[PDB]
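Trainee: Got a structure for you, questions after.
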Amino acid sequence: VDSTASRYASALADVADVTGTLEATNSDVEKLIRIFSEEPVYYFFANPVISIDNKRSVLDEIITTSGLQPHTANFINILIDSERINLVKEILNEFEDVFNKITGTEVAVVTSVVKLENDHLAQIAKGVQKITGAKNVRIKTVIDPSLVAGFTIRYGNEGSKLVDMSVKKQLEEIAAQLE
Amino acid sequence: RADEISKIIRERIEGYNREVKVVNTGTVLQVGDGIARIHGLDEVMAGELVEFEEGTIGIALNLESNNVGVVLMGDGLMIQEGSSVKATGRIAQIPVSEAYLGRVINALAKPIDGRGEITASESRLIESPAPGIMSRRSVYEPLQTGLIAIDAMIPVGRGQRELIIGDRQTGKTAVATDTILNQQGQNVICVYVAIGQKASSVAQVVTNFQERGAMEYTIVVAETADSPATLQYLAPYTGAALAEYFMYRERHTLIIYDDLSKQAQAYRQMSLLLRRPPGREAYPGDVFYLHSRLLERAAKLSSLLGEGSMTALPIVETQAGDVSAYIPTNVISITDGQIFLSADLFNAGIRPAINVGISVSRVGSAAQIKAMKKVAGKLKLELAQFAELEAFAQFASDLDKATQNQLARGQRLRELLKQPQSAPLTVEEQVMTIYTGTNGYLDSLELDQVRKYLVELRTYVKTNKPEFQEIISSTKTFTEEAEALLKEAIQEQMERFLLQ
Amino acid sequence: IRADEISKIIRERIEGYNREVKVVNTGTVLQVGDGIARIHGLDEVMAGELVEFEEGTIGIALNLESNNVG
Amino acid sequence: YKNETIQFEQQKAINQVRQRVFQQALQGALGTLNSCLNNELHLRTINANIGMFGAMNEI
Amino acid sequence: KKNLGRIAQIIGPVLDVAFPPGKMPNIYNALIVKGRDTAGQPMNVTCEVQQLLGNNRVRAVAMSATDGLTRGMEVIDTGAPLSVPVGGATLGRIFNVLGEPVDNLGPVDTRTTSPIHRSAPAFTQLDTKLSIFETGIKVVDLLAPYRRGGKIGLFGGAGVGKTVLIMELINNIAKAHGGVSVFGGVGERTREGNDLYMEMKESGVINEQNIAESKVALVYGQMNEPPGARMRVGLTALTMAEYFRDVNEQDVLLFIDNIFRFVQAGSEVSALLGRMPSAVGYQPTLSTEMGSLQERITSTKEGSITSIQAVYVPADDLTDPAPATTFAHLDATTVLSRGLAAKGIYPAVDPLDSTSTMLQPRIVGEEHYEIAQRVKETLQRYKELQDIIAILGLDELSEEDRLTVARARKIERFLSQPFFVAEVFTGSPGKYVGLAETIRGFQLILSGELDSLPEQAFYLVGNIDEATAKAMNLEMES
Amino acid sequence: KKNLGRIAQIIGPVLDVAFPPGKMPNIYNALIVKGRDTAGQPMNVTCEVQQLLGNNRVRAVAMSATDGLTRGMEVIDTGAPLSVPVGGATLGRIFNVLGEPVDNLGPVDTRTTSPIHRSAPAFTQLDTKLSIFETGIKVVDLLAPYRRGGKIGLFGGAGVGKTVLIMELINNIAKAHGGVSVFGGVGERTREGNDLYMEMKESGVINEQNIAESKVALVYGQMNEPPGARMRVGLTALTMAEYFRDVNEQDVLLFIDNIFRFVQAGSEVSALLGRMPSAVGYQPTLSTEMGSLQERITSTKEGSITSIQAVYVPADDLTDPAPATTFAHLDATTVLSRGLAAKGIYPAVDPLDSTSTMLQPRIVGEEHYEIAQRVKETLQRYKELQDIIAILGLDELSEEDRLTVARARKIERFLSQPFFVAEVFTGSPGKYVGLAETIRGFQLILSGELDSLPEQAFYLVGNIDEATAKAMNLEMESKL
Amino acid sequence: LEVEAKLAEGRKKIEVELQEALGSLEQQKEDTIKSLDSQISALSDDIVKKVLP
Ligand SMILES: Nc1ncnc2c1ncn2[C@@H]1O[C@H](COP(=O)(O)OP(=O)(O)OP(=O)(O)O)[C@@H](O)[C@H]1O
Ligand SMILES: Nc1ncnc2c1ncn2[C@@H]1O[C@H](COP(=O)(O)OP(=O)(O)OP(=O)(O)O)[C@@H](O)[C@H]1O
Ligand SMILES: CC(C)C[C@@H]1NC(=O)[C@H](C)N(C)C(=O)CNC(=O)/C(=C/c2ccccc2)N(C)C1=O
Ligand SMILES: Nc1ncnc2c1ncn2[C@@H]1O[C@H](COP(=O)(O)OP(=O)(O)O)[C@@H](O)[C@H]1O
């Protein structure tokens, strides 16, 4: 996607790819997300009235304390320089799925009424891999009581492509007699 | 009997539980004024129908990088943000069958007459390709309208897109309606498409059809001004699909878009709501391609397709007599000649107000029979020359007998072309009328008795001599025999008229 | 959705950021179509200087912009 | 015309009351289906359907 | 518990409302902002959801003023479209866009409310009973007869007589009309509104006591109400009218004055809502907003709405998109001209351009049809000769041309009528002259009995024998 | 071909496709999008790269209908500007934008190909012979002679007669011309294309029974096709005719119709590709686009392209930019006026507005130059004294005035002609008229020997002797 | 004159007979739906057991 956030996230993740520090910056941005999730952090870093000088100062202090990759601290200073800081949370969010599309780790969403055993998780995971053609699959755990009795697992680029049998069966056998 | 149909229903639903098929389904970001953006749907085709959770049909046009641009076919009220939208796996299909004959229907091929749903087996694409160069033949049949001007000077043949252009209240709908209801015993399929018109005006047209009996062979695909922009935009395409289904099956068809400028306005609205950039007069750049992709599905198919036919009579609207406007110039460039309807001629008593001087027909005399060709080959050229002369002969004060005789015969020709409302003229009456005029008999009696002598002459020939009818029908040629009969009739009835 | 952010210029800035340095020696070709070209770098080019790409196709720097050269 | 019209509309009314009775059937179905232990039976059924999804995966 | 949210942005009447992730309102749900003024809580600020901007926020336009709303105020969502009181209780009262009474009297009984956005009637619920209806205006009854249950438009510029014409139509028809009238004013002068109310009280139409029997209900969004209001006052008046039609099964009159202010309000709303502009300045959804009003008006099997909608033509340019879109909707249009008004021939309707759909012989009778067509013929011939006579003069025309010109002058002057609400401008009384006098007078004029008469005697006369008497009085002034 | 890109955005006929980082197609390199027809089979649609827009993304327009395409489909860079079959293999064949055969016969002999986009001939190559050929039309061969080995442009609104006049120019010149013709149809009604095909069929110029004996090769950029084909078929027919002129060194005939549909499709696609609007609605890349077409259509030392093309003007207004840009590139221009079309004077060539570069004394003969000058002068005097008449009456003009007025109206009538192909429209059969016959007849008319004959006798008449015969027949009919 | 008056009367008669036939078909349809309501009570009995697969 041509979202500028995705552009920056792709640049960062691809630098990580051509170095080999992939998981090392993955954890880095995974913690950066929770840094910026608390609102005053983002508000301070984003509102431009604050001087870029002390902005960089506090950012360097956070670099030292929390611990950041060389290239990743560099990238955050690059954002603070080029004034894309309104998009910091979005860049940290696009890093996740661009790194997943890098490693072929198709994160999937499975949804049922109650929990399934990890045997069922491995079943559906291997099924998603044999329909998708990925390098790996990591399954996300969800419950949806709006379903009656079934499972509706999601895959694809977004959660676009979907197969489902809990209430889809209900409404499709509705429509037959409601022809 | 009530339960056994539900028995077949339950043996259905036992074999009808669920079938695992991968459906593309994403969420909704923006919803406003008929246009709804979509998040995801990376596999939906261009133009593929969608299903919003409420049950609203849609079409995905803008497959943008992040989001999907989906137009709504309906209202946008009950749609909720964040709800799911599901791709259909179909592309603008329309159920079509012969049962539609007599039905007023929405743009979704669903009935609005209250006569219950239409049974249809096949389904044809709303947007369909055109027949190729080799997949058509030239136009040779005539399509009878019933007006002497249209069917003599600027002919319309089966499979010729003839634009009925004109101002407001000039008789465009009346011309198209008379072209339709004249077709009762000619075995054609009529299709009346109304885009952005009064519900009551549509109802008047339908009631007129029902009382004149022309409803048996006519579909009325009508949309009112409250209809969504996508429905107003897709109405003519669905009408053309219904027409094409018969055109391919060796039928003859006639479709009237009435009018096209409202469809172009609907496409302008939907394009400006998709945030596309606007061209001249805030129309999108490709309204030309919009109208051409619609109109060029009218043709006269070749012999190796059954010689089916579809004649399109689209109606447009010149605002304030201006043909230079963008949509009028596009449609007079697209179509195969046009028919101009001028408010001045409507005012000045000449009904129909067919301004011949800027009317054309690209098929020419190839859309008439041998009789009317022989009697009126040079008619439009000489009538244009006489319009010039009568316009010019007022600057000169005194004129000689030859010019005055040409002028008088031209005025009698102008009195000939007057045609009342809902009065059709068969080809026999048309040929004999053009003969009686163009020969020079009518110059003696005066302009007020022209019309009544024509009425009396036609009644006289129809009573006395049916072999004129027989010749013009079976032989289709204006033989010396029929000419002798007609001259006897003109002489006899002229003497009788002098007496009366 | 902005110019000069091509997800490769950002990559090389991540590589060599340390401070803001001149680039006038070099310039990449970012966007090219219908007779124009947007060029990143050339920070010391003049308005109107004949720039020369590969393949000998000459150019002129008319619209000097924020981080690119039209 | 009115004869065939009322015939069509009466058939539509039959369809209407069919829709309503089948709605009642679905509500009673959900009421009996509210058994949570039967859901576990439906969970083993959906395990069989996971096997069938693997079959479709093969297809 | 109605869901609640904050106001994000305020830019003019645009109100950006942030809502919780859970329950965002549908389109047209009346968001009621709590509202704060100098002191006190004016709940009066009512909006309408127009868009779903995404990320749990929506965009609405404000039916009241926005000066005073601050960032972070709360909103409530009524879950329904903006409803207005209807029924017998609303008979004889003045209203708002908000259905709030203004007439300085008690409230209204909320027993039967009706949302403003009610979908149009279907195709089975129409009526095709073509029918004439006279108004006493010579030209209106002759050259473009009016229809029952169908729309009528007074196209014209400014100051040429749309308001006077519609007021005279009121006094002619509504007083003896057998049903109910609903005068709805979409952005006209508050002075016109007050004066109409005063006439309604002086004549007793809205009986000051026993207000339940009044047969006239007023709805006033004037020219100073915000563009959020002047875009829906029309819909409010229409909901009242169509409630009367649907439930009480009566013949309703609905005088809208005038729908171009509604269209322009739509334009000012869309320009701020950020849609891309269509032709010269209007909204892209212009045909749709026009039809969404014009289509809920039509007469049905149960009742009939014969609405007379004045239309304002901008800068005397009928080519403009708003009149060029309303022409497609109205049945009989009466095109007021400025040239006739300048030369003094009142009413200044254009006899040629004013064209109806009911002017058909199988509707009106062949005698009426013949005389109407002959008048249009002679007037067309005059309009053609106008260019030549401007330069030269009447001296250099042929004999038939001079005869037709003289007949044309006499026709265009006989086509004038002194009105009962024009007595403050002319001093001559109103003259009601139906079709029985109209047809015969024009038959005499196009026959030529009055060929030896002067011209000025037909100026401002009702009857043809009135014109004859004034002619003999002109010859009595030596 | 190796590199595989993924369709990313499709706004109608505009395809923005992303590629691997190092393998980016060149401008105008064709793209084959691996589609999927509604029946499940693939549907190969061609594209052409218009604009490299960075982020490994190029913008390519669709030569075919995009309805049915999806994001994420495969595409393959065939590396070459669109390759069209050229040579004698294409003679007697009907084509499309991609050089595909659509006459429904055997596939084209793919042996020879040529890329559509190429460069113009150098300044040395330009052949310089100023010589006219006779077309058989009176007004044409008298007031706007056509330049053999040059460019001829026809202007006119819709419904005035330029399509039929190209049909007439064909019926006169093409078959008798021993060379090879090429008909390029840019934005043309399928009815008119099929009409041309079947008329050339019957006329034996294609010789269906023995293909590859023909003299014509037809291309058809129809109107139903999306803007890509309407943008590229003019260049296609040009590349065919260019192979013919260079490699086979034989005089060619190039009927292009229209030339305005080219700029139509250009302006249609332009707004989406990212450009800012020019004037009344056209693209910024207008003058250079039409120049790129016209400067490729030219005559060189090897071969000579004699090219007729009709320029459809919108709303009859010659102030529009695309007509404005054609005029500078067209040698001899003939504009059709809706007035002359309305008064039945056909062909409606405006004699006073239309000009040619060939009409010079040294180039076409002194007497021909002078007679043309006198025709122009007389018609100009008429159109100046027009409103003087129209407001004074005709009596108050002098003897010379009324004389020249009558003779000018007589010239205006005589400039009409029954066409062979317009027989369906007039009713009378056509009349090929020789140049000397035209010159002599107009000498007679201006000298005033026919100076009592009726005006309508000069109407729809080939030669002046036929005009006198018509006058005599009318003189008989009058007293009888 | 005679055909005018008699045909006005005839079209009036045709429309009012249309309205009478409409009322008759309405009442017949409602009766059939109520008998169908009894039949569909029997249907409601014999459906819910099979609706569960
Ligand atoms: N030959 C004729 N004789 C008598 N009246 C005619 C004739 N032709 C048309 N009319 C009259 O012209 C009027 C207008 O016709 P029509 O309904 O076609 O208008 P219109 O052009 O469709 O207007 P709009 O396009 O706005 O609907 C009709 O009332 C009809 O009676
Ligand atoms: N019968 C008449 N006699 C004399 N003058 C008249 C007559 N009818 C209208 N007028 C003139 O019309 C003018 C006012 O017109 P009116 O207010 O009715 O239209 P308007 O200004 O367009 O209304 P609005 O602007 O509210 O739509 C008055 O100045 C009056 O002189
Ligand atoms: C000086 C007046 C115009 C105050 C404004 N009031 C209005 O324009 C009206 C009353 N509206 C629509 C408001 O409620 C406030 N919003 C504005 O439009 C405006 C418009 C405005 C624009 C530019 C300068 C001043 C005002 N508010 C700022 C107002 O408060
Ligand atoms: N020589 C001619 N004589 C009479 N009519 C003609 C002649 N040439 C063209 N026309 C008329 O012009 C109409 C259309 O002309 P056409 O060639 O299509 O012009 P355009 O392509 O500009 O529309 C035809 O219907 C035909 O009747």
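Each chain in the structure tokens gets a letter, A, B and so on, in the order shown; residues start at 1 in every chain, and ligands are counted from 1 in the order they appear.
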Could you tell me, counting only C-alpha atoms and all ligand atoms, which protein and nucleic acid residues lie no more than 6 Å from ligand 1, written as a list in words?
Mentor: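 Using only C-alpha atoms and all ligand atoms, everything at most 6 Å from ligand 1 comes to residues 168, 169, 170, 171, 172, 173, 174, 351, 352, 419, 420 and 421 of chain B; 328, 357 and 360 of chain E.
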Trainee: Could the residues in this selection be saved with N, CA, C and O atoms as an mmCIF file, in the first residue's frame?
Mentor:
```
data_model
loop_
_atom_site.group_PDB
_atom_site.id
_atom_site.type_symbol
_atom_site.label_atom_id
_atom_site.label_comp_id
_atom_site.auth_asym_id
_atom_site.auth_seq_id
_atom_site.Cartn_x
_atom_site.Cartn_y
_atom_site.Cartn_z
ATOM 1 N N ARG B 168 -36.798 21.826 -24.742
ATOM 2 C CA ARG B 168 -37.860 21.345 -23.873
ATOM 3 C C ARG B 168 -39.214 21.526 -24.536
ATOM 4 O O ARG B 168 -39.456 22.521 -25.227
ATOM 5 N N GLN B 169 -40.097 20.549 -24.315
ATOM 6 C CA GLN B 169 -41.501 20.633 -24.714
ATOM 7 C C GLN B 169 -41.650 20.824 -26.216
ATOM 8 O O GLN B 169 -42.577 21.487 -26.682
ATOM 9 N N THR B 170 -40.735 20.245 -26.987
ATOM 10 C CA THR B 170 -40.744 20.398 -28.431
ATOM 11 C C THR B 170 -41.331 19.172 -29.121
ATOM 12 O O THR B 170 -41.629 19.213 -30.319
ATOM 13 N N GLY B 171 -41.564 18.101 -28.373
ATOM 14 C CA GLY B 171 -42.174 16.923 -28.949
ATOM 15 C C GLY B 171 -41.261 15.730 -29.071
ATOM 16 O O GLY B 171 -41.551 14.826 -29.856
ATOM 17 N N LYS B 172 -40.171 15.688 -28.308
ATOM 18 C CA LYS B 172 -39.215 14.593 -28.419
ATOM 19 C C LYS B 172 -39.810 13.292 -27.894
ATOM 20 O O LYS B 172 -39.774 12.251 -28.566
ATOM 21 N N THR B 173 -40.366 13.338 -26.683
ATOM 22 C CA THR B 173 -41.030 12.166 -26.126
ATOM 23 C C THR B 173 -42.214 11.750 -26.982
ATOM 24 O O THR B 173 -42.499 10.560 -27.118
ATOM 25 N N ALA B 174 -42.902 12.716 -27.589
ATOM 26 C CA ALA B 174 -44.042 12.381 -28.434
ATOM 27 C C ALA B 174 -43.587 11.687 -29.709
ATOM 28 O O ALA B 174 -44.216 10.726 -30.163
ATOM 29 N N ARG B 351 -46.124 21.222 -36.685
ATOM 30 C CA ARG B 351 -45.946 20.051 -35.850
ATOM 31 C C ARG B 351 -45.936 18.804 -36.719
ATOM 32 O O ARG B 351 -46.873 18.593 -37.499
ATOM 33 N N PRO B 352 -44.907 17.950 -36.618
ATOM 34 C CA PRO B 352 -43.780 18.047 -35.691
ATOM 35 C C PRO B 352 -42.745 19.062 -36.140
ATOM 36 O O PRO B 352 -42.653 19.363 -37.327
ATOM 37 N N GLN B 419 -48.101 17.074 -39.495
ATOM 38 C CA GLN B 419 -48.518 15.769 -39.025
ATOM 39 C C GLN B 419 -49.099 15.897 -37.624
ATOM 40 O O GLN B 419 -48.384 16.303 -36.697
ATOM 41 N N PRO B 420 -50.367 15.579 -37.426
ATOM 42 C CA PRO B 420 -50.965 15.718 -36.091
ATOM 43 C C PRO B 420 -50.423 14.717 -35.083
ATOM 44 O O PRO B 420 -49.512 13.941 -35.382
ATOM 45 N N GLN B 421 -50.977 14.739 -33.876
ATOM 46 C CA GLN B 421 -50.518 13.858 -32.813
ATOM 47 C C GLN B 421 -51.233 12.516 -32.881
ATOM 48 O O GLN B 421 -52.450 12.456 -33.073
ATOM 49 N N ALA E 328 -37.133 19.919 -15.632
ATOM 50 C CA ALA E 328 -37.369 18.506 -15.891
ATOM 51 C C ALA E 328 -38.400 17.936 -14.928
ATOM 52 O O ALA E 328 -38.961 16.865 -15.173
ATOM 53 N N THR E 357 -48.093 20.770 -19.911
ATOM 54 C CA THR E 357 -48.344 19.427 -20.405
ATOM 55 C C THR E 357 -49.836 19.156 -20.546
ATOM 56 O O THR E 357 -50.241 18.334 -21.375
ATOM 57 N N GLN E 360 -53.584 19.940 -24.048
ATOM 58 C CA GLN E 360 -53.840 18.914 -25.039
ATOM 59 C C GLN E 360 -55.334 18.861 -25.316
ATOM 60 O O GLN E 360 -56.142 19.009 -24.388
#
```
Trainee: I need the contact residues of chain B against chain G, so if you could list those with any atom within 10 Å, counting only C-alpha atoms, and return them as a list in words, that would help.
Mentor: residues 1, 2, 3, 4, 6, 7, 10, 11, 13, 14, 15, 16 and 17 of chain B
Trainee: Give me the residues near residue 13 in chain D as a PDB file with C-alpha atoms, in the first residue's frame, where near means some atom within 12 Å (using only C-alpha atoms) and where sequence neighbours in that chain fewer than 2 positions away do not count.
Mentor:
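Below is the file that was written, result_27.pdb:
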```pdb
ATOM      1  CA  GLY B 116     -44.940 -10.192  -9.166  1.00  0.00           C
TER       2      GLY B 116
ATOM      3  CA  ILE D   6     -54.012 -11.525  -7.899  1.00  0.00           C
ATOM      4  CA  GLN D   7     -52.774 -15.034  -8.700  1.00  0.00           C
ATOM      5  CA  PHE D   8     -49.167 -13.802  -8.615  1.00  0.00           C
ATOM      6  CA  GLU D   9     -49.809 -11.746  -5.461  1.00  0.00           C
ATOM      7  CA  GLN D  10     -51.497 -14.666  -3.691  1.00  0.00           C
ATOM      8  CA  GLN D  11     -48.430 -16.775  -4.467  1.00  0.00           C
ATOM      9  CA  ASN D  15     -44.203 -16.979   0.202  1.00  0.00           C
ATOM     10  CA  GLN D  16     -44.700 -14.377   2.959  1.00  0.00           C
ATOM     11  CA  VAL D  17     -46.348 -16.733   5.431  1.00  0.00           C
ATOM     12  CA  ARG D  18     -43.684 -19.319   4.553  1.00  0.00           C
ATOM     13  CA  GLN D  19     -41.001 -16.781   5.487  1.00  0.00           C
ATOM     14  CA  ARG D  20     -42.765 -16.105   8.788  1.00  0.00           C
TER      15      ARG D  20
ATOM     16  CA  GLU G  26     -58.821  -8.942  -2.376  1.00  0.00           C
ATOM     17  CA  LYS G  29     -57.020 -13.702  -1.403  1.00  0.00           C
ATOM     18  CA  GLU G  30     -57.415 -12.871   2.297  1.00  0.00           C
ATOM     19  CA  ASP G  31     -59.656 -15.906   2.825  1.00  0.00           C
ATOM     20  CA  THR G  32     -57.098 -18.128   1.087  1.00  0.00           C
ATOM     21  CA  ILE G  33     -54.310 -16.722   3.288  1.00  0.00           C
ATOM     22  CA  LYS G  34     -56.308 -17.511   6.437  1.00  0.00           C
ATOM     23  CA  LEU G  36     -53.272 -21.171   4.558  1.00  0.00           C
ATOM     24  CA  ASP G  37     -52.679 -19.962   8.125  1.00  0.00           C
TER      25      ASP G  37
END
```
Trainee: Could you please extract the residues within 10 Å of ligand 2, counting only C-alpha atoms and all ligand atoms, and hand them back as a ChimeraX atom specification?
Mentor: /E:154-168,185,187-193,257-261,310-313,336,341-342,344-349,416-428,430,460
Trainee: Using only C-alpha atoms and all ligand atoms, which residues of the polymer chains come no farther than 7 Å from ligand 4? I'd like the answer as a list in words.
Mentor: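 My answer, listing the contacting residues, is residues 333, 337, 360, 361, 362, 363 and 364 of chain B; 156, 157, 158, 159, 160, 161, 162, 163, 164, 165, 312, 344, 346, 347, 417, 418, 419, 422, 425 and 426 of chain F.
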Trainee: Next, the residues of the selection above should be written as a compact mmCIF listing (two decimals), in the first residue's frame with C-alpha atoms.
Mentor:
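The resulting file, selection_27.txt, is reproduced below:
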```
# COMPACT_ATOMS: atom_id res chain seq x y z
CA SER B 333 -20.79 13.21 -33.13
CA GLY B 337 -27.35 11.35 -37.89
CA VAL B 360 -29.49 14.46 -41.37
CA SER B 361 -29.69 10.70 -41.84
CA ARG B 362 -26.47 8.81 -42.40
CA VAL B 363 -28.13 5.73 -43.88
CA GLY B 364 -29.95 7.82 -46.48
CA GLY F 156 -16.10 20.39 -40.08
CA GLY F 157 -18.65 19.79 -37.38
CA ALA F 158 -20.54 16.55 -37.10
CA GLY F 159 -23.03 15.87 -39.87
CA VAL F 160 -21.54 18.07 -42.58
CA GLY F 161 -19.93 15.57 -44.92
CA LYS F 162 -16.23 14.96 -44.32
CA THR F 163 -16.61 11.20 -43.85
CA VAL F 164 -18.58 11.02 -47.10
CA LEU F 165 -16.04 13.32 -48.75
CA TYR F 312 -13.66 16.79 -36.59
CA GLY F 344 -28.20 21.74 -49.62
CA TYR F 346 -23.01 19.65 -51.20
CA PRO F 347 -20.05 19.32 -50.79
CA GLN F 417 -21.88 18.17 -57.30
CA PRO F 418 -23.63 14.78 -57.24
CA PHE F 419 -21.24 12.31 -55.67
CA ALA F 422 -23.74 10.31 -52.06
CA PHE F 425 -28.44 10.91 -50.23
CA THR F 426 -29.23 12.92 -53.36
```
Trainee: Set the cut-off to 7 Å and count only C-alpha atoms: what are the residues of chain B that reach chain F? Output as a PyMOL selection string.
Mentor: chain B and resi 42-47+62-65+133-134+137-138+277+279-280+285-286+289+292-293+296+324+329+332-333+337+357-358+360+364-366+377-378+381+384-385+388+395-396+402
Trainee: Using DSSP assignments from the backbone, pull out every residue in range 210-385 of chain B that falls under strand (DSSP E) and give it to me as a count of residues only.
Mentor: 22
Trainee: Can you check which residues of chain A have any atom within 10 Å of chain B? Use only C-alpha atoms and format it as a PyMOL selection string.
Mentor: chain A and resi 1-3+154-170+172-174+176-177
Trainee: Using the selection just defined, write its residues with N, CA and C atoms as a compact mmCIF listing (two decimals), in the first residue's frame.
Mentor:
```txt
# COMPACT_ATOMS: atom_id res chain seq x y z
N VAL A 1 0.84 -1.19 0.00
CA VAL A 1 0.00 0.00 0.00
C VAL A 1 0.87 1.25 0.00
N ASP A 2 0.46 2.27 -0.75
CA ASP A 2 1.25 3.48 -0.94
C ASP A 2 1.12 4.46 0.22
N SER A 3 0.61 4.02 1.37
CA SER A 3 0.58 4.89 2.53
C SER A 3 2.00 5.29 2.91
N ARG A 154 -9.55 -16.27 8.91
CA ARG A 154 -9.25 -15.20 7.98
C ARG A 154 -7.79 -15.29 7.55
N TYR A 155 -7.51 -14.89 6.31
CA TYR A 155 -6.14 -14.88 5.80
C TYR A 155 -6.08 -13.86 4.67
N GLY A 156 -5.01 -13.85 3.88
CA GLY A 156 -4.89 -12.91 2.79
C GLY A 156 -4.05 -11.71 3.16
N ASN A 157 -3.95 -10.73 2.26
CA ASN A 157 -3.17 -9.53 2.55
C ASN A 157 -3.75 -8.78 3.74
N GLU A 158 -4.97 -8.26 3.59
CA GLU A 158 -5.75 -7.84 4.74
C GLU A 158 -6.49 -9.07 5.25
N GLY A 159 -7.48 -8.89 6.11
CA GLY A 159 -8.38 -9.98 6.42
C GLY A 159 -9.44 -10.11 5.34
N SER A 160 -9.05 -9.83 4.10
CA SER A 160 -9.99 -9.78 2.99
C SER A 160 -10.59 -11.16 2.72
N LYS A 161 -9.75 -12.11 2.33
CA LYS A 161 -10.24 -13.44 1.99
C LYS A 161 -10.67 -14.15 3.27
N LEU A 162 -11.85 -14.77 3.23
CA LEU A 162 -12.46 -15.34 4.43
C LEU A 162 -13.25 -16.58 4.06
N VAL A 163 -13.13 -17.63 4.86
CA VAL A 163 -14.00 -18.79 4.80
C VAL A 163 -14.69 -18.91 6.15
N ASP A 164 -15.94 -19.35 6.15
CA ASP A 164 -16.80 -19.18 7.31
C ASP A 164 -17.95 -20.18 7.29
N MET A 165 -18.17 -20.86 8.44
CA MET A 165 -19.39 -21.64 8.62
C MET A 165 -19.82 -21.60 10.09
N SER A 166 -20.52 -20.53 10.49
CA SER A 166 -21.32 -20.58 11.71
C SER A 166 -22.72 -20.03 11.49
N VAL A 167 -22.78 -18.80 10.96
CA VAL A 167 -24.05 -18.12 10.76
C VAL A 167 -24.24 -17.80 9.29
N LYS A 168 -23.15 -17.88 8.51
CA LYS A 168 -23.28 -17.86 7.06
C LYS A 168 -24.18 -18.99 6.59
N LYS A 169 -24.05 -20.17 7.19
CA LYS A 169 -24.96 -21.26 6.88
C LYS A 169 -26.39 -20.90 7.25
N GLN A 170 -26.57 -20.23 8.40
CA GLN A 170 -27.89 -19.80 8.83
C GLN A 170 -28.54 -18.90 7.78
N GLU A 172 -27.63 -18.30 4.66
CA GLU A 172 -27.74 -18.86 3.32
C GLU A 172 -28.88 -19.86 3.21
N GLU A 173 -29.18 -20.64 4.26
CA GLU A 173 -30.40 -21.45 4.23
C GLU A 173 -31.64 -20.64 4.55
N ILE A 174 -31.47 -19.44 5.11
CA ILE A 174 -32.56 -18.46 5.12
C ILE A 174 -32.95 -18.10 3.69
N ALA A 176 -32.54 -19.38 0.78
CA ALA A 176 -33.11 -20.38 -0.12
C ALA A 176 -34.63 -20.36 -0.08
N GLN A 177 -35.21 -20.55 1.10
CA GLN A 177 -36.66 -20.45 1.25
C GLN A 177 -37.17 -19.02 1.18
```
